[PDB]
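Everything on this sheet refers to the single structure shown next.
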Amino acid sequence: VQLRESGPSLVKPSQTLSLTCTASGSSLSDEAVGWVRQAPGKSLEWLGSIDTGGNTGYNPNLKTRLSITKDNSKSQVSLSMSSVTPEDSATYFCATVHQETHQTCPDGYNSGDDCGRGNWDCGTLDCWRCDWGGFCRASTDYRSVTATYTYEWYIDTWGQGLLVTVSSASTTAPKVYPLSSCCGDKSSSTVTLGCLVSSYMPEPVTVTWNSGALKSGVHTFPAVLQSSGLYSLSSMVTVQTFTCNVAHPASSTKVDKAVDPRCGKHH
Amino acid sequence: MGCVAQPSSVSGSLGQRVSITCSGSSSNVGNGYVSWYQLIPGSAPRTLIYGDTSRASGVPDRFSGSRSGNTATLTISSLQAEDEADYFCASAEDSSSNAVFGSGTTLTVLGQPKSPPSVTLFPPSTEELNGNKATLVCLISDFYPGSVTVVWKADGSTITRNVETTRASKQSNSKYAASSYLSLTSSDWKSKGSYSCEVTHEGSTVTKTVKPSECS
Ligand code: NA
């Protein structure tokens with residue numbers, strides 16, 4: 030299974046956060062689909078899930094603000110969270126979740142229908158032993174107990190996660206400037222080029238080079254955040277034209293910036 | 024936020040073993056079916072163990088889980104640099120009511136090769152200078168361990184005003200990256216002979232220099 034989260038990068042405080050998870054891939058089983066988040070610097074937090082019978086379960090701390098629904102026909106599961114605050118800024122992951130009530134027998138007990146040599150009538154017992162001494166040829170000849178229910182949860186497959194920032198600051202598209210080191214390092218065997226993705230809000234941006242034709246030798250660095258609250262980051266490549281492709285989903289803007297070596301000086 | 028108690032950090036050397044404990048209560052860990060997850064910077068979270076002891080798809084036998092009552096343990100043997108990550112345990116809480124994660128453990132793998140930083144210094148673009156602004160960008164890559172200090176110079180004077188430097192961030196390879204930005208007026212850029220970014224890592228300094236007489 031592949032899971033892809035979609036939704037807003039920036040949500041106004043006090044509004045409803047709504048995300049969608051789209052499941053794709055070659056098959057699906059009985060797994061529930063759920064949501065987990067992780068705030069920067071903090072631990073993973075369960076949000077909730079929906080299973081194939083339509084049962085929802087929520088983190089009791091968030092139950093009153095959460096709604097998880099699905100649409101089988103679109104292979105989609107949704108999450109809405111009401112009245113968000115900055116404390117809800119996080120990476121949000123959807124995930125397939127194993128959720129299963131197991132029937133467990135105690136130590137020493139059998140559960141199959143192989144009753145043992147010369148024995149029969151063990152099949153309708155959950156958990157049984159033929160331990161009295163002789164053959165067991167009736168259900169009442171076995172030691173027996175009803176199975177105990179034991180509940181298993183775990184996350185099977187995870188999405189990549191979608192960053193969600195809850196802030197009252199405005200969406201701000203980046204200014205993209207071309208970088209070149211050649212006027213400094215004088216190297217002509219290699220050229221090192223880059224793009225400065227200046228002064229934007231919120232995270233993230235995506236950067237590619239030559240529309241994905243140039244991947245090796247690309248290094249996109251983590252953003253710095255100034256006290257002003259705007260982000261800047263840079264991407265470099267070591268090497276024909278070279279163009280950095282900067283997408284900022286939050287502003288519906290894409291810039292493809294030509295990066296010329298510009299090794300010279302104009303006085 | 025965290026419910027199950029884990030050590031905030033553990034370390035072991037290359038080729039050796041480390042154990043991470045996960046301490047809960049009768050309501051979570053004590054009910055069994057503990058799972059474990061590995062989070063590495065480039066990647067989605069990866070399930071390692073479920074059912075206390077079972078390895079997930081693609082997980083090698085040097086990852087092993089156990090549990091005794093309210094405490095579960097992940098052991099990682101034959102440690103490799105690629106095992107550096109944050110590890111989290113988890114379980115159902117009050118069965119189908121809830122799930123809870125641990126507080127997380129950062130694993131450091133000791134004995135890795137020291138790697139000095141690569142430094143690239145970019146001058147301001149013509150385009151930014153046309154708005155009377157100048158940003159110098161110093162990009163620092165492929166260093167290990169993950170601690171640098173960055174000094175900016177102009178014509179031999181240390182500059183601290185309007186410098187912003189990132190923390191070191193762990194790359195795709197256990198090595199680290201950082202960046203530093205010096206924000207000037209176009210006026211200030213043109214008024215100096217040279218600017219330098221001086222990066223110190225384990226007692227060794229790499230310096231790159233750009234000159235307004237040669238750049239932008
Ligand atoms: Na049976």
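Each protein sequence line maps, in turn, to chains H and L. Using the entry's author numbering, the letters of the first sequence correspond one by one to residues 30 to 268, 276 to 303. Note that the entry's author numbering has the second sequence beginning at 24, numbered continuously upward. By construction, the Cβ of each residue, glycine as well, lies at the ideal position given by its N, Cα and C atoms.
Give the DSSP bridge partners of residue i, in chain order.
| i | result |
| --- | --- |
| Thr279 of chain H | H:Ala294 |
| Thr143 of chain L | L:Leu162 |
| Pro285 of chain H | Answer is none; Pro285 of chain H lacks a bridge partner. |
| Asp100 of chain H | H:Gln105 |
| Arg66 of chain H | H:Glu74 and H:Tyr121 |
| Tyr260 of chain H | H:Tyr229 and H:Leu254 |
| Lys301 of chain H | Note: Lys301 of chain H sits in no beta bridge, so no partner. |
| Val205 of chain H | H:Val226 |
| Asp109 of chain L | L:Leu62 and L:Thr129 |
| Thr96 of chain L | L:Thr44 and L:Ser89 |
| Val174 of chain H | H:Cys156 |
| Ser47 of chain H | H:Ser109 |
For residue i, count neighbouring C-beta atoms within 10 Å of its own C-beta (all shown protein chains included) and say buried if the count is 16 or more, exposed if not.
| i | result |
| --- | --- |
| residue 304 of chain H | No answer is possible for residue 304 of chain H: it lies beyond the span of chain H, which begins at 30 and ends at 303. |
| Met110 of chain H | buried |
| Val295 of chain H | buried |
| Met24 of chain L | exposed |
| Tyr178 of chain H | exposed |
| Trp175 of chain L | buried |
| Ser72 of chain H | buried |
| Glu105 of chain L | exposed |
| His302 of chain H | exposed |
| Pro68 of chain L | buried |
| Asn281 of chain H | buried |
| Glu151 of chain L | buried |
| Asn51 of chain L | buried |
| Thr130 of chain H | exposed |
| residue 25 of chain H | In the structure as shown, chain H begins at 30 and stops at 303. Residue 25 of chain H is therefore absent and cannot be evaluated. |
| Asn196 of chain L | exposed |
| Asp136 of chain H | exposed |
Any heavy atom of the ligand NA closer than 8 Å to the beta-carbon of residue i?
| i | result |
| --- | --- |
| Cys151 of chain H | yes |
| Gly141 of chain H | yes |
| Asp155 of chain H | yes |
Give the secondary structure of residue i by DSSP, where H, G and I count as helix, E and B as strand, and everything else as coil.
| i | result |
| --- | --- |
| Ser202 of chain L | strand |
| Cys211 of chain H | helix |
| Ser32 of chain L | strand |
| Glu34 of chain H | strand |
| residue 254 of chain L | Examination of residue 254 of chain L is not possible in this model, given that chain L is present from 24 through 239 alone. |
| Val41 of chain L | strand |
| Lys176 of chain L | strand |
| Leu154 of chain H | coil |
| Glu60 of chain H | coil |
| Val113 of chain H | coil |
| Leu95 of chain H | strand |
| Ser210 of chain L | helix |
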